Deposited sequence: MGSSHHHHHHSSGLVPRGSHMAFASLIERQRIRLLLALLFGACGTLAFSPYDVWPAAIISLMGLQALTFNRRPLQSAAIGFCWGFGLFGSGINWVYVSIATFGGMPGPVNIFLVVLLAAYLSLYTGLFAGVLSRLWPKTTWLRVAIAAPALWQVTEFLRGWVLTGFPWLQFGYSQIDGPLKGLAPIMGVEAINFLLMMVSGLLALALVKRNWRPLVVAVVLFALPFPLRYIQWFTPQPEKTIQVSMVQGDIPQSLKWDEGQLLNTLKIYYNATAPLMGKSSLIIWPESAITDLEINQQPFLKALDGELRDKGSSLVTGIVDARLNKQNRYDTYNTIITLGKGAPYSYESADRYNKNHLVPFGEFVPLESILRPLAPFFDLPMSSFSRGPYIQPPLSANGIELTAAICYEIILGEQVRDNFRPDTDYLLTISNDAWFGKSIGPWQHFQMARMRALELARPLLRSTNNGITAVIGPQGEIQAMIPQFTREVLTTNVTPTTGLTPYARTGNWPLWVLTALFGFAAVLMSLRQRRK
């Protein structure tokens, strides 16, 4: 009898949930098995059927734990290499992070069955997508958020990619949970009608993939070069060898590439301390008709005679004469949680011994900043983690933007799937805004993404290489570039409002 007790059957559901959760990791790069997203969501919606809320919440937690425990544990690579803590602590911190994010899938499951206990199409097709949209927003907002592993991104090369330029990637998250909900409903109820509807709703967006919301601008085509210095991890001697690598790789490209790009924090020294190098390089670039965009750390003295330390992008050369007082620059807005700041650190700071506090704290640039301009080219900039924040990138985008720009350094996570998941989401921005995206990294993944998310050029990871190719700007506004998120939030409110009112009836 034991195998069939009520608690054992609940536990079986918890194990299955863990498995279905882990299957969802296969949807994202480098695995790119986009059907695994539909499989993972079908289990989440099937295993929560006919459960009390706290049971369902536990199922949603274990589902998320399988998803995040298997799709985010690459953060271990950075913790174990630079954290200085024993192995067990490092494992525990990774488990901790996955348990934290699993709270939001648990919240989704608990709320879904509490308000929509019955196995309906309303539950799986109306309430679930609406509620999923809410709990996923909270995951990406609370404590500055971590909106990593959103199944919509797995459709970058899939049947539903045509929806992203219209309503953004969250619209794909929305439809996937609806389509997966109906498939789950068809199987447990062994009924063909929800299957047909799921197939229609899933296939209707297919032709949209062929819409080109943009027009190429051939007369503005240029040769761009992206230097992948592949620099490992307080030594001037090594900074000089870093400028040597970048200068020597860049010098033969001046006069040939109109735009040259070094990655995040390529110049591993304060801008204040490199005026002679930067002015000399400015002159050489200007005298050959080339421009350089580069990452750097800028400790800027402020009104209060203190230093705001920014993660910065500077410009030099033709159409961007370098100057410490230039406004042709970009300061990272969204810092990496636990990388560039610790959440809640401002509140709990007065109690910390001064000697234990970090030497410097990173400051944040404004949420909206103008495009960078180099050699007459408009570049909407995002640094590293910022490229995953679709709404933010779209609010900095302007109709005159020629290319999206992202520079980053993903060496912290070595050979793991992290950099690939990051690269995957970056491509969704190019598709959302119908602009080519230039992605310059330290040791990968360095690539040019076309206006429909396609990989147009790329150099392999872990190589000291220059990616040189011709790139063409685009003009035109996708429906999502014009609107942003609010169309889907209306649809989410319509769905949410209609579902909860019927649950009250």
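Visitor: Counting from residue 1 of the deposited sequence, where are the gaps with no C-alpha coordinates?
Guide: Several stretches lack coordinates - namely 1-20, 254-256, 529-532, in sequence order.
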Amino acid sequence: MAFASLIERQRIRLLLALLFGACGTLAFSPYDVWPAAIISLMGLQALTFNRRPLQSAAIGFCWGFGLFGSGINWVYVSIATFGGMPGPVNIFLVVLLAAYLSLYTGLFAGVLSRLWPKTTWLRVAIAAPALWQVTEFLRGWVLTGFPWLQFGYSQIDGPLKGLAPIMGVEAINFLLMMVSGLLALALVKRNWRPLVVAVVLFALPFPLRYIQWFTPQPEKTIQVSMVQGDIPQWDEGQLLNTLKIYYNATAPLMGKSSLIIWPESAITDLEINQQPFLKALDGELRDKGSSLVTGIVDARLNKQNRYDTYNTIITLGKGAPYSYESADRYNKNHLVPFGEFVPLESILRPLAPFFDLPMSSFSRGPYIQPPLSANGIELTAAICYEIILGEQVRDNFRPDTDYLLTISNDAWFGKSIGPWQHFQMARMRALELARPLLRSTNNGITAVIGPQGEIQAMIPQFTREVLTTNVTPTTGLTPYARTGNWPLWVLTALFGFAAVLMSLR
From here on, numbers count along this sequence of modelled residues.
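Visitor: Where do the C-alpha atoms have the higher mean temperature factor in this entry, in 71-79 or in 356-364?
Guide: The entry gives the higher C-alpha B-factor average to 356-364.
Visitor: Give the stretch, out of 470-478 and 438-446, with the larger mean C-alpha temperature factor in the deposited entry.
Guide: Per the PDB record, 470-478.
Visitor: Tell me, please, which of 338, 262, 423, 385 has the highest C-alpha B factor according to the deposited entry?
Guide: Top of the list by C-alpha B-factor: 338.
Visitor: Among 428, 404, 226, 197, where is the Cα B factor highest in this entry?
Guide: In this record, 197 carries the highest C-alpha B-factor of the candidates.
Visitor: Please place residue 419 in the lowest, middle or highest third of its chain according to the CA B-factor in the PDB entry.
Guide: Lowest third, going by the recorded CA B-factors of the chain.
Visitor: Split into thirds by Cα B-factor across the chain's modelled residues, where does residue 43 land: lowest, middle or highest?
Guide: Top third by C-alpha B-factor.
Visitor: By the recorded C-alpha temperature factor, relative to the other modelled residues in its chain, which third is residue 165 in?
Guide: Residue 165: CA B-factor falls in the middle third of its chain.
Visitor: Ranked by Cα temperature factor within the chain, is residue 16 in the lowest third, the middle third or the highest third?
Guide: Within its chain, residue 16 is a lowest-third residue by C-alpha B-factor, going by the deposited values.
Visitor: Using the temperature factors of the C-alpha atoms in this entry, rank residue 456 within its chain: lowest, middle or highest third.
Guide: For residue 456, whose C-alpha B-factor we compare with every modelled residue in the chain, the answer is the middle third.
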